[PDB]
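**Q** My structure is stored as structure_34.txt, with compact mmCIF, C-alpha atoms.
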# COMPACT_ATOMS: atom_id res chain seq x y z
CA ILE A 51 13.71 -2.83 20.76
CA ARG A 52 13.95 -0.33 17.90
CA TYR A 53 13.37 -2.79 15.07
CA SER A 54 12.66 -6.53 14.93
CA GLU A 55 14.54 -7.24 11.68
CA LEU A 56 17.68 -5.37 12.74
CA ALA A 57 19.61 -4.98 16.00
CA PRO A 58 18.37 -2.20 18.38
CA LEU A 59 20.41 1.01 18.20
CA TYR A 60 20.93 3.43 21.06
CA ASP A 61 21.74 7.15 21.13
CA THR A 62 21.57 9.24 17.91
CA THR A 63 20.45 7.52 14.70
CA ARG A 64 19.45 8.82 11.26
CA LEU A 65 16.29 8.62 9.18
CA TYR A 66 15.79 9.97 5.67
CA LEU A 67 12.88 11.02 3.51
CA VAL A 68 14.22 11.06 -0.04
CA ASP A 69 12.31 12.23 -3.10
CA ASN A 70 14.29 9.79 -5.23
CA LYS A 71 11.67 7.07 -4.72
CA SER A 72 9.51 7.48 -7.80
CA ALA A 73 8.98 3.84 -8.70
CA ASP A 74 9.15 2.25 -5.23
CA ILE A 75 6.33 4.36 -3.79
CA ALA A 76 4.88 6.08 -6.88
CA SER A 77 1.87 3.77 -7.03
CA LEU A 78 0.74 5.72 -3.97
CA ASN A 79 1.44 8.96 -5.87
CA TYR A 80 -0.77 9.57 -8.92
CA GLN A 81 -2.25 12.80 -7.57
CA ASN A 82 0.50 13.66 -5.08
CA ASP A 83 2.79 16.31 -6.53
CA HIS A 84 6.24 17.04 -5.15
CA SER A 85 5.10 19.16 -2.20
CA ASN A 86 2.66 16.58 -0.81
CA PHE A 87 4.58 13.39 -1.73
CA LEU A 88 4.52 10.13 0.22
CA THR A 89 7.94 8.49 0.63
CA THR A 90 9.41 5.64 2.68
CA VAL A 91 11.49 6.14 5.81
CA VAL A 92 12.36 2.42 5.66
CA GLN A 93 15.33 1.92 3.35
CA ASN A 94 16.15 -1.79 3.66
CA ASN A 95 18.93 -2.62 1.20
CA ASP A 96 18.33 -6.38 1.13
CA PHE A 97 14.51 -6.44 1.31
CA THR A 98 12.10 -5.84 -1.59
CA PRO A 99 10.85 -2.19 -1.42
CA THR A 100 7.23 -3.13 -2.27
CA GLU A 101 6.80 -5.35 0.78
CA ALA A 102 8.94 -3.12 3.03
CA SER A 103 6.80 0.04 3.00
CA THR A 104 4.65 -1.38 5.83
CA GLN A 105 7.51 -1.96 8.32
CA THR A 106 7.66 0.07 11.54
CA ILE A 107 10.55 1.79 13.31
CA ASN A 108 9.99 1.35 17.05
CA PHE A 109 11.27 3.72 19.73
CA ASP A 110 11.21 2.61 23.36
CA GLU A 111 9.49 4.69 26.03
CA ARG A 112 12.67 4.78 28.13
CA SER A 113 13.01 8.40 27.04
CA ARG A 114 11.13 10.84 24.84
CA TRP A 115 12.52 11.07 21.32
CA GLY A 116 12.50 14.02 18.98
CA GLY A 117 13.88 14.27 15.47
CA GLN A 118 16.04 17.12 14.26
CA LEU A 119 14.54 18.55 11.09
CA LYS A 120 16.82 19.73 8.32
CA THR A 121 15.51 20.60 4.89
CA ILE A 122 17.37 21.08 1.65
CA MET A 123 15.07 22.81 -0.83
CA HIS A 124 15.83 23.93 -4.38
CA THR A 125 13.07 25.71 -6.33
CA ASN A 126 13.06 26.82 -9.96
CA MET A 127 10.17 29.15 -10.76
CA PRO A 128 9.68 32.08 -13.17
CA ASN A 129 8.97 35.61 -11.91
CA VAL A 130 5.64 35.86 -13.77
CA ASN A 131 3.39 33.20 -12.32
CA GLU A 132 0.09 32.20 -10.75
CA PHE A 133 1.96 31.62 -7.44
CA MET B 1 5.04 -2.43 27.50
CA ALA B 2 3.50 -1.29 24.22
CA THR B 3 6.45 -0.11 22.10
CA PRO B 4 8.21 -3.58 22.15
CA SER B 5 7.25 -6.29 19.67
CA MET B 6 8.61 -9.88 19.69
CA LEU B 7 8.61 -12.26 22.70
CA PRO B 8 6.53 -10.48 25.46
CA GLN B 9 3.78 -9.29 23.12
CA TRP B 10 2.40 -12.76 22.25
CA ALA B 11 1.00 -12.97 25.78
CA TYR B 12 -0.39 -9.46 25.90
CA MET B 13 -2.07 -9.42 22.49
CA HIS B 14 -3.85 -12.68 23.28
CA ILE B 15 -2.70 -15.02 20.53
CA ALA B 16 -1.71 -17.47 23.25
CA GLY B 17 -2.18 -17.91 26.98
CA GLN B 18 -5.17 -16.93 29.12
CA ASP B 19 -8.79 -16.88 27.95
CA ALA B 20 -10.91 -13.72 28.06
CA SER B 21 -12.66 -15.22 31.08
CA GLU B 22 -9.35 -15.34 32.93
CA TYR B 23 -7.68 -12.17 31.68
CA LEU B 24 -10.51 -9.92 32.86
CA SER B 25 -11.21 -8.77 36.42
CA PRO B 26 -13.71 -11.12 38.13
CA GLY B 27 -16.43 -8.42 38.36
CA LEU B 28 -16.31 -7.53 34.68
CA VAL B 29 -16.81 -11.25 34.01
CA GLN B 30 -19.96 -11.13 36.18
CA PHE B 31 -21.22 -8.01 34.41
CA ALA B 32 -20.79 -9.68 31.01
CA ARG B 33 -22.92 -12.71 31.87
CA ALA B 34 -25.71 -10.82 33.61
CA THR B 35 -26.12 -8.21 30.86
CA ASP B 36 -25.37 -10.76 28.10
CA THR B 37 -28.86 -10.69 26.63
CA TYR B 38 -29.24 -6.89 26.56
CA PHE B 39 -25.79 -5.67 25.58
CA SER B 40 -23.23 -8.27 24.50
CA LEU B 41 -19.50 -7.92 25.21
CA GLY B 42 -18.79 -10.96 23.05
CA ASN B 43 -16.68 -9.42 20.29
CA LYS B 44 -14.84 -7.00 22.55
CA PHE B 45 -12.29 -9.44 23.95
CA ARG B 46 -10.49 -12.12 22.02
CA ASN B 47 -10.02 -15.63 23.30
CA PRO B 48 -6.80 -17.27 21.98
CA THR B 49 -7.06 -20.76 20.51
CA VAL B 50 -3.80 -22.67 20.41
CA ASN C 894 7.18 -21.24 -7.53
CA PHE C 895 3.79 -21.45 -9.21
CA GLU C 896 2.90 -22.94 -12.56
CA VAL C 897 -0.11 -21.46 -14.28
CA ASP C 898 -1.80 -21.91 -17.65
CA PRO C 899 -0.85 -19.29 -20.27
CA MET C 900 -3.29 -16.42 -20.77
CA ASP C 901 -3.16 -13.72 -23.45
CA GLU C 902 -4.13 -11.07 -20.90
CA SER C 903 -1.64 -9.76 -18.36
CA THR C 904 -2.70 -11.13 -15.00
CA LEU C 905 -1.78 -10.88 -11.35
CA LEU C 906 -1.21 -13.55 -8.76
CA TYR C 907 -2.64 -12.62 -5.40
CA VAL C 908 -0.93 -14.52 -2.61
CA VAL C 909 -2.55 -14.01 0.75
CA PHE C 910 -0.21 -14.81 3.65
CA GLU C 911 -2.38 -15.60 6.65
CA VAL C 912 -0.91 -14.07 9.78
CA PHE C 913 -2.24 -12.55 13.02
CA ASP C 914 -3.52 -8.95 12.82
CA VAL C 915 -4.41 -7.98 16.36
CA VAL C 916 -5.07 -4.52 17.75
CA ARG C 917 -5.58 -3.86 21.44
CA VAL C 918 -7.38 -0.60 22.18
CA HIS C 919 -6.81 0.86 25.61
CA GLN C 920 -8.54 3.92 27.03
CA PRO C 921 -6.69 4.91 30.23
CA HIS C 922 -8.65 8.09 30.79
CA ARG C 923 -11.57 9.90 29.19
CA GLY C 924 -11.02 11.56 25.85
CA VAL C 925 -7.86 9.50 25.49
CA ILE C 926 -7.78 6.42 23.33
CA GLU C 927 -4.75 4.56 22.15
CA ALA C 928 -4.04 1.32 20.43
CA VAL C 929 -1.17 -1.08 20.17
CA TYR C 930 -1.08 -2.95 16.90
CA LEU C 931 0.77 -6.14 16.11
CA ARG C 932 1.32 -8.17 13.02
CA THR C 933 3.81 -10.95 13.61
CA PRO C 934 5.33 -12.60 10.46
CA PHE C 935 5.36 -9.24 8.68
CA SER C 936 6.22 -6.82 11.46
CA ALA C 937 4.01 -3.81 12.01
CA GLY C 938 2.34 -1.54 14.58
CA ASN C 939 3.10 -0.78 18.22
CA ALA C 940 1.27 2.57 18.22
CA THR C 941 2.58 3.64 14.84
CA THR C 942 -0.17 6.29 14.29
CA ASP D 3 -6.21 -20.94 10.39
CA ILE D 4 -8.64 -18.06 11.08
CA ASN D 5 -9.07 -16.49 14.53
CA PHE D 6 -12.41 -15.14 15.75
CA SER D 7 -14.23 -15.37 19.09
CA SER D 8 -17.57 -15.54 20.86
CA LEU D 9 -17.71 -14.83 24.59
CA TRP E 400 7.68 22.32 6.11
CA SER E 401 5.15 19.90 7.55
CA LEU E 402 5.36 16.22 8.43
CA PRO E 403 2.00 16.00 10.22
CA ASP E 404 1.58 12.26 10.90
CA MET E 405 5.29 11.47 11.44
CA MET E 406 5.64 13.55 14.59
CA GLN E 407 3.77 15.43 17.27
CA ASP E 408 3.19 19.00 16.12
CA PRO E 409 4.40 22.14 18.00
CA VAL E 410 1.99 23.76 20.51
CA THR E 411 -1.03 25.60 19.06
CA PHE E 412 -1.49 23.14 16.19
CA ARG E 413 -3.40 19.92 15.75
CA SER E 414 -3.32 17.24 13.06
CA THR E 415 -5.61 17.85 10.10
CA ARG E 416 -5.88 15.85 6.88
CA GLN E 417 -8.12 18.67 5.62
CA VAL E 418 -6.38 20.51 2.79
CA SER E 419 -7.19 24.06 3.96
CA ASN E 420 -5.18 23.97 7.22
CA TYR E 421 -1.91 22.27 8.16
CA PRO E 422 0.84 22.51 10.84
CA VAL E 423 3.82 24.88 10.33
CA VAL E 424 7.39 23.70 10.96
CA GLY E 425 10.54 25.70 10.09
CA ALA E 426 9.05 28.91 8.65
CA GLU E 427 12.05 29.39 6.39
CA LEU E 428 12.90 31.42 3.29
CA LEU E 429 11.87 30.69 -0.27
CA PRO E 430 15.06 29.71 -2.22
CA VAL E 431 14.38 32.51 -4.76
CA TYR E 432 16.65 35.51 -4.18
CA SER E 433 17.58 38.66 -6.11
CA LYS E 434 21.10 39.44 -7.32
CA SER E 435 21.78 42.99 -8.49
CA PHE E 436 23.90 43.63 -11.61
CA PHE E 437 25.07 46.89 -13.15
CA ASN E 438 25.08 48.08 -16.75
CA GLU E 439 26.07 51.65 -17.64
CA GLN E 440 25.08 51.01 -21.26
CA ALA E 441 21.64 49.84 -20.01
CA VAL E 442 19.93 52.76 -21.73
CA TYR E 443 22.09 52.20 -24.85
CA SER E 444 21.37 48.45 -25.09
CA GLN E 445 17.79 49.28 -26.09
CA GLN E 446 19.34 50.49 -29.34
CA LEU E 447 20.89 47.01 -29.67
CA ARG E 448 17.57 45.27 -29.05
CA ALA E 449 16.22 47.69 -31.63
CA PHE E 450 19.00 46.45 -33.95
CA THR E 451 18.24 42.77 -33.26
CA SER E 452 14.48 43.11 -33.53
CA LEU E 453 13.43 45.53 -36.25
CA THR E 454 9.90 44.35 -35.39
CA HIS E 455 9.39 47.17 -32.83
CA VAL E 456 6.51 45.60 -30.91
CA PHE E 457 8.77 45.27 -27.87
CA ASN E 458 10.62 48.51 -28.58
CA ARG E 459 7.21 49.73 -29.78
CA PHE E 460 5.91 52.34 -32.22
CA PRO E 461 5.94 55.80 -30.48
CA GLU E 462 2.27 56.50 -29.63
CA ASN E 463 3.16 59.99 -28.30
CA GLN E 464 6.66 61.05 -27.01
CA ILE E 465 5.47 60.54 -23.33
CA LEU E 466 3.72 57.24 -24.30
CA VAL E 467 6.75 55.20 -25.25
CA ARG E 468 8.60 52.35 -23.54
CA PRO E 469 11.05 53.51 -20.86
CA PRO E 470 14.88 53.26 -21.07
CA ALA E 471 16.22 50.31 -19.04
CA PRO E 472 17.27 50.72 -15.37
CA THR E 473 21.06 51.08 -14.91
CA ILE E 474 20.87 48.80 -11.85
CA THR E 475 18.65 45.77 -12.39
CA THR E 476 17.59 42.83 -10.26
CA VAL E 477 18.02 39.39 -11.75
CA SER E 478 16.37 36.19 -10.47
CA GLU E 479 18.65 33.65 -8.85
CA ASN E 480 17.90 30.07 -7.88
CA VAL E 481 20.29 28.60 -5.34
CA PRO E 482 19.36 25.91 -2.76
CA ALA E 483 18.60 26.85 0.83
CA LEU E 484 19.83 24.60 3.63
CA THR E 485 18.43 24.94 7.13
CA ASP E 486 18.69 23.09 10.44
CA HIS E 487 16.06 23.19 13.17
CA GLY E 488 15.52 22.15 16.82
CA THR E 489 13.89 19.01 18.18
CA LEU E 490 10.29 18.15 17.32
CA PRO E 491 8.98 15.22 19.49
CA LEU E 492 8.28 12.10 17.36
CA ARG E 493 5.50 9.50 17.40
CA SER E 494 6.04 6.38 19.55
CA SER E 495 6.57 4.30 16.42
CA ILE E 496 6.88 5.62 12.87
CA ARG E 497 5.01 4.26 9.82
CA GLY E 498 6.89 2.66 6.92
CA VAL E 499 5.72 5.39 4.55
CA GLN E 500 5.28 8.95 5.81
CA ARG E 501 3.82 12.08 4.22
CA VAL E 502 6.02 15.11 3.53
CA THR E 503 4.26 18.35 2.56
CA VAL E 504 5.46 21.88 1.85
CA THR E 505 2.93 24.71 1.98
CA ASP E 506 3.35 28.47 1.53
CA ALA E 507 2.19 31.40 3.69
CA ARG E 508 -1.27 31.10 2.09
CA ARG E 509 -1.33 27.50 3.47
CA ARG E 510 -1.58 25.63 0.20
CA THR E 511 0.58 23.25 -1.83
CA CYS E 512 3.39 24.71 -3.90
CA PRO E 513 4.08 24.25 -7.62
CA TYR E 514 7.67 24.86 -8.70
CA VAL E 515 9.39 22.73 -6.05
CA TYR E 516 11.55 19.94 -7.44
CA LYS E 517 13.68 19.14 -4.40
CA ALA E 518 12.60 19.11 -0.81
CA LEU E 519 14.61 16.64 1.21
CA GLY E 520 13.62 15.66 4.75
CA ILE E 521 16.46 14.70 7.07
CA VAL E 522 15.39 13.71 10.58
CA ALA E 523 17.78 12.49 13.30
CA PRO E 524 16.06 10.95 16.39
CA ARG E 525 17.75 11.49 19.76
CA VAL E 526 16.83 11.11 23.45
CA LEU E 527 15.38 14.26 25.04
CA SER E 528 14.46 13.40 28.63
CA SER E 529 13.25 10.35 30.55
CA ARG E 530 9.66 9.13 30.82
CA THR E 531 8.25 5.94 32.38
CA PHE E 532 8.76 2.76 30.33
CA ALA F 51 -37.76 -8.30 32.62
CA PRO F 52 -35.14 -6.65 34.88
CA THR F 53 -36.40 -3.61 36.79
CA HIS F 54 -33.66 -1.00 36.42
CA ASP F 55 -29.92 -1.58 35.91
CA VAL F 56 -30.39 -1.75 32.15
CA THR F 57 -32.81 1.14 31.66
CA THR F 58 -32.34 4.81 32.38
CA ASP F 59 -35.48 6.81 33.15
CA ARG F 60 -33.66 10.12 32.56
CA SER F 61 -33.67 11.93 29.23
CA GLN F 62 -31.43 9.95 26.97
CA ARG F 63 -31.09 10.14 23.22
CA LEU F 64 -31.17 6.72 21.59
CA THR F 65 -30.02 8.03 18.22
CA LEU F 66 -28.14 11.15 17.25
CA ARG F 67 -26.70 12.52 14.08
CA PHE F 68 -23.68 14.75 13.79
CA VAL F 69 -23.14 17.26 11.02
CA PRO F 70 -19.57 17.77 9.68
CA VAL F 71 -17.45 20.32 11.54
CA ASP F 72 -15.24 20.70 8.46
CA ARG F 73 -15.45 19.29 4.95
CA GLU F 74 -13.25 19.35 1.85
CA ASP F 75 -14.11 19.17 -1.82
CA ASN F 76 -11.48 17.69 -4.10
CA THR F 77 -11.72 16.19 -7.55
CA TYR F 78 -11.16 12.61 -6.38
CA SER F 79 -12.35 12.78 -2.79
CA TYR F 80 -14.61 14.45 -0.29
CA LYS F 81 -13.35 14.52 3.31
CA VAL F 82 -15.45 15.23 6.39
CA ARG F 83 -14.38 15.69 10.00
CA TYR F 84 -16.86 15.31 12.86
CA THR F 85 -16.83 15.72 16.57
CA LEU F 86 -18.33 12.54 17.93
CA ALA F 87 -19.14 13.16 21.57
CA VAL F 88 -20.05 10.41 23.98
CA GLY F 89 -21.92 11.81 26.95
CA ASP F 90 -21.36 11.05 30.60
CA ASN F 91 -22.63 7.68 31.79
CA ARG F 92 -23.37 6.24 28.39
CA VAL F 93 -21.21 4.03 26.21
CA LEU F 94 -21.31 3.96 22.45
CA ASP F 95 -20.83 0.81 20.41
CA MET F 96 -19.03 1.61 17.15
CA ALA F 97 -21.06 -1.02 15.37
CA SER F 98 -23.91 1.48 15.50
CA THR F 99 -22.08 4.08 13.44
CA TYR F 100 -22.83 4.64 9.77
Would you write the structure of this file as structure tokens?

**A**
Amino acid sequence: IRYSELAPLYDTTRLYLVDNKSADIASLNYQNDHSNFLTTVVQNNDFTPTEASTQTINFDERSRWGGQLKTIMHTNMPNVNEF
Amino acid sequence: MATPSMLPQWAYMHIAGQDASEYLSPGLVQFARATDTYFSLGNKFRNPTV
Amino acid sequence: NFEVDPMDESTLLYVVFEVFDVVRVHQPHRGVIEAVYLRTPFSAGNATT
Amino acid sequence: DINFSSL
Amino acid sequence: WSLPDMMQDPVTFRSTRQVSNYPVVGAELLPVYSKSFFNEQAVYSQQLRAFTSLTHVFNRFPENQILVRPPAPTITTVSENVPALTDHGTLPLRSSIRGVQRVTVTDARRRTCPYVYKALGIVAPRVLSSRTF
Amino acid sequence: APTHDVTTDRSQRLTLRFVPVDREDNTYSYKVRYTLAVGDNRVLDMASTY
């Protein structure tokens, strides 16, 4: 199966890493800036977020699986900087 | 069998079913007893208690 | 639902939920080590790295 | 309650 | 982009929690770009920054008539911040994925980047090719 | 006592130490990587590590 608290899904499926968790995962970030941030991939609507950051998304070894990375980045920086 | 959770994995993670004197090959059982007092294998295999 | 005595200090309530935490470490080959992890009432592991 | 072993 | 513990890394990399080195994924542009603009009164608008600021510590006291601030470029380059969106190929995932997973962006000097306020990971798992179950 | 089958008479190190192969310095942590090598025909218990 692909999860034990939801029905298994087959073929293409989505996952998300969202930087909008800053109070559901920000007790793990107190020295992690936004470029090193920890954030949940589990996004259970009807489960408490605190107790749902330790859940696991299973993938069967029927086939190899590989994610398709996509990144949306917006930076605001000045042109005189330490960078 | 490794990626599944649920129903099969109770057996294979040893929270029920066979002892660790029944789940091991019968020559590794012999090795364990004979070398018990020099190099214990006691904490390396878990015996379910149900 | 717990009932506790009042205390001036802010306090926490630590509830331990006793489960089964079981890891099974397999080495198929040399220089290769793997583990399957299981936690049952609160689901976890299965080689989750 | 509590699982541990001796073999 | 790097997501070191959430997937197997491309060839010629290995997982490191050491801060000095990390995997590379993507290898894409910084979202800072330059947009040219044109002013034909560029040289004449330094008489209107002279008007505004009578201070002349920007327009400066003439030290010698070579040693003076220069008239402005007619064509200038102006900083522009617009998001960059990018899609990439398949990166093989871990057998199971942790509930919380690290996301890290690192520059060409291989160190963490100030001045980033949105970096959004989107990963879509899909079958690649059969292996024994 | 047993005679052989619990004792090697070859050169065998009973204790080793391993220096870091990388290290990090950070304001809240120090990190150290090692290469722990287990030789051929010897098994390491991980209750002996410190």

**Q** For a quick check of understanding, using all atoms listed in the file, which of B:46, B:22, B:36, B:5 has the smallest distance to residue D:6?

**A**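 Residue with the minimum atom-to-atom distance to residue D:6: B:46.
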
**Q** What's the separation between atom CA of residue E:492 and atom CA of residue C:939, in Å to one decimal place?

**A**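 That distance, rounded to one decimal, is 13.9 Å.
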
**Q** Smallest atom-to-atom distance to residue E:469: which of E:442, E:431, E:523, E:424, using all atoms listed in the file?

**A** E:442

**Q** Counting only C-alpha atoms, what are the residues of chain A within 12 Å of chain C, and for each of them which pair of atoms is the nearest and at what distance in Å, to one decimal? Sort the table by chain and rising number, as CSV.

**A**
residue,atom,partner,partner_atom,distance
A:51,CA,C:939,CA,11.1
A:52,CA,C:939,CA,10.9
A:53,CA,C:936,CA,9.0
A:54,CA,C:936,CA,7.3
A:55,CA,C:936,CA,8.3
A:56,CA,C:936,CA,11.6
A:101,CA,C:935,CA,8.9
A:102,CA,C:935,CA,9.1
A:103,CA,C:937,CA,10.2
A:104,CA,C:937,CA,6.7
A:105,CA,C:937,CA,5.4
A:106,CA,C:937,CA,5.3
A:107,CA,C:941,CA,8.3
A:108,CA,C:939,CA,7.3
A:109,CA,C:939,CA,9.4
A:110,CA,C:939,CA,10.2
A:111,CA,C:939,CA,11.5

**Q** For residue B:39, find every residue with an atom within 10 Å (counting only C-alpha atoms), except residues of its own chain fewer than 6 positions away, and show them as a list in words.

**A**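 Selected residues are residues 32 and 33 of chain B; 56 and 95 of chain F.
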
**Q** Compile the residues of chain D that lie within 7 Å of chain B, evaluated using all atoms listed in the file, and express the compilation as a PyMOL selection string.

**A** chain D and resi 7-9

**Q** Give me, as a ChimeraX atom specification, all polymer residues having an atom no more than 9 Å from residue E:470, counting only C-alpha atoms and skipping those fewer than 4 positions away in the same chain.

**A** /E:441-443,445

**Q** Give me, as a count of residues only, the residues of chain F touching chain B, with the criterion being at most 12 Å (counting all atoms listed in the file).

**A** 11

**Q** Determine, using only C-alpha atoms, which residues of chain E have any atom at most 9 Å from an atom of chain C, and tabulate each with its shortest atom pair and distance in Å to one decimal place, rows ordered by chain and then rising number, as a tab-separated table.

**A**
residue	atom	partner	partner_atom	distance
E:404	CA	C:942	CA	7.1
E:405	CA	C:942	CA	8.0
E:493	CA	C:941	CA	7.0
E:494	CA	C:940	CA	6.2
E:495	CA	C:941	CA	4.3
E:496	CA	C:941	CA	5.1
E:497	CA	C:941	CA	5.6
E:498	CA	C:937	CA	8.7

**Q** Compile the residues of chain E that lie within 10 Å of chain F, evaluated using all atoms listed in the file, and express the compilation as number ranges by chain.

**A** E: 415-419

**Q** Which residues of chain B are close to chain C, meaning at most 8 Å apart when you count all atoms listed in the file, and how do they look as a list in words?

**A**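 Per the criterion, chain B yields residues 2, 3, 4, 5, 6, 13 and 15 of chain B.
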
**Q** Given a cut-off of 12 Å, which residues of chain D touch chain C, counting all atoms listed in the file, written out as a PyMOL selection string?

**A** chain D and resi 3-6

**Q** For chain F, list the residues within 12 Å of chain A, counting all atoms listed in the file, and write the list as a PyMOL selection string.

**A** chain F and resi 76-79
